[PDB]
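Novice: For the record, the sequence lines run as chains A and A'. A prime marks a further copy of an entry chain. In terms of the entry's author numbering, the first sequence opens at residue 11 and continues consecutively. In terms of the entry's author numbering, the second sequence opens at residue 11 and continues consecutively.
Number of protein chains: 2
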Amino acid sequence: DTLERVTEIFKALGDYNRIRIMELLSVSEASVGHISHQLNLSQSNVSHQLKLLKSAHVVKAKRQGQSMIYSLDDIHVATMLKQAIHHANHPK
Amino acid sequence: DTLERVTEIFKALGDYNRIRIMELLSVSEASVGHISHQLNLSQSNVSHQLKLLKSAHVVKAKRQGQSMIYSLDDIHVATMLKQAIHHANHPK
Ligand SMILES: [Cl-]
Ligand SMILES: [Cl-]
Ligand SMILES: [Zn+2]
Ligand SMILES: [Zn+2]
Ligand SMILES: [Zn+2]
Ligand SMILES: [Zn+2]
Numbered sequence: 011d012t013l014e015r016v017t018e019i020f021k022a023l024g025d026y027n028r029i030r031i032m033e034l035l036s037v038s039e040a041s042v043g044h045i046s047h048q049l050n051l052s053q054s055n056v057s058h059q060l061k062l063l064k065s066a067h068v069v070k071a072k073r074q075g076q077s078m079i080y081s082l083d084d085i086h087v088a089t090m091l092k093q094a095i096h097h098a099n100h101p102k
Numbered sequence: 011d012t013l014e015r016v017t018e019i020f021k022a023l024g025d026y027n028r029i030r031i032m033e034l035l036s037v038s039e040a041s042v043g044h045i046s047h048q049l050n051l052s053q054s055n056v057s058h059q060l061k062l063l064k065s066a067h068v069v070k071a072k073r074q075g076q077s078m079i080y081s082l083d084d085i086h087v088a089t090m091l092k093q094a095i096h097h098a099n100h101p102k
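1) Verify whether the separation of the beta carbon atoms of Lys-70/A and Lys-61/A is less than 9 Å.
2) Tell me the DSSP bridge mates of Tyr-80/A?
3) Cβ closer than 7 Å: which chain A residues qualify as neighbours of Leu-23/A'?
4) Identify each residue in the stretch 54-76 of chain A for which the Cβ-Cβ distance to at least one residue of chain A' is less than 9 Å, and report them in chain order.
5) When the Cα atoms are used, what is the spatial distance from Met-78/A' to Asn-55/A?
6) Given a threshold of 16 other Cβ atoms within 10 Å of its Cβ, counted over all protein chains shown, does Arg-30/A' qualify as buried or as exposed?
7) Could you tell me which of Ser-41/A, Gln-93/A, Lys-72/A, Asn-50/A sits nearest to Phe-20/A', measuring between CA atoms?
8) Would you identify the three-state DSSP class for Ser-52/A', choosing helix, strand or coil?
9) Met-90/A touches chain A' at which residues, Cβ-Cβ below 7 Å?
10) Does any C-beta atom of chain A lie closer than 9 Å to the C-beta of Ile-45/A'?
11) Considering only residues of the same chain and omitting the five flanking positions on each side of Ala-22/A, which have a CB-CB separation below 8 Å?
12) Using a threshold of 8 Å, is the CB atom of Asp-83/A nearer than that to any non-hydrogen atom of ligand 3?
13) Could you tell me the alpha carbon to alpha carbon distance between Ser-57/A' and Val-42/A', rounded to whole angstroms?
14) What residue range is occupied by the uninterrupted alpha helix (DSSP H) comprising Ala-88/A?
15) So, with DSSP's three-state summary, where would you put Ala-22/A?
16) Would you call the CB atoms of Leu-91/A' and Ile-95/A closer than 9 Å?
17) Thinking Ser-81/A and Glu-33/A are a contact (beta carbons under 8 Å), I'd like their distance in whole angstroms, please.
Given below as structure tokens:
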């Protein structure tokens, strides 16, 4: 089950726009409106992707005022992404 | 391009058997024969998955005697996987 859950985590990340969303969130937590604005994605699209990411426990949301603010779920997720980005960058 | 490459990395990991292969390799570097034996996967299957993993630079291979020995590409990959496994395990 552990490895099946890990599989689900990686499957959730296997998408360019979701990676763009994750990366933006690694810079700062954000509302849907802000994510859409920053990434030139529609709010309906962003909401759909976040639902998917949230189901896979890679992003979380908290309520500020009456708005949901999204962030990477926790440090493990942040570390996974930062290490992956770095890995993609260095010479092979 | 960086984020497209990261996308390709995560897409490569989005599979249960490939995760099982990665996890085994995190324990110890291994030949195809050994991976197949340990995971109850066929050698032809294992070879196919490794080609895919290698193309995505998540595993590497070195020659010992006249056999190829596979390992996780490097520490970033190891860290990504270990942090993901841990994330999957802890309470949500
Ligand atoms: Cl869009
Ligand atoms: Cl098989
Ligand atoms: Zn922890
Ligand atoms: Zn690396
Ligand atoms: Zn490094
Ligand atoms: Zn975690």
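Every residue, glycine too, gets a C-beta built ideally from N, C-alpha and C.
Specialist: To lay it out plainly:
1) no
2) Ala-40/A, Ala-71/A
3) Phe-20
4) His-67, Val-68
5) 44 Å
6) buried
7) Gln-93/A
8) coil
9) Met-90, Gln-93, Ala-94
10) no
11) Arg-28, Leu-62, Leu-63, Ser-65, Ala-66, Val-68
12) no
13) 7 Å
14) 85-99
15) helix
16) no
17) The Cβ separation is near 13 Å, so there is no contact.
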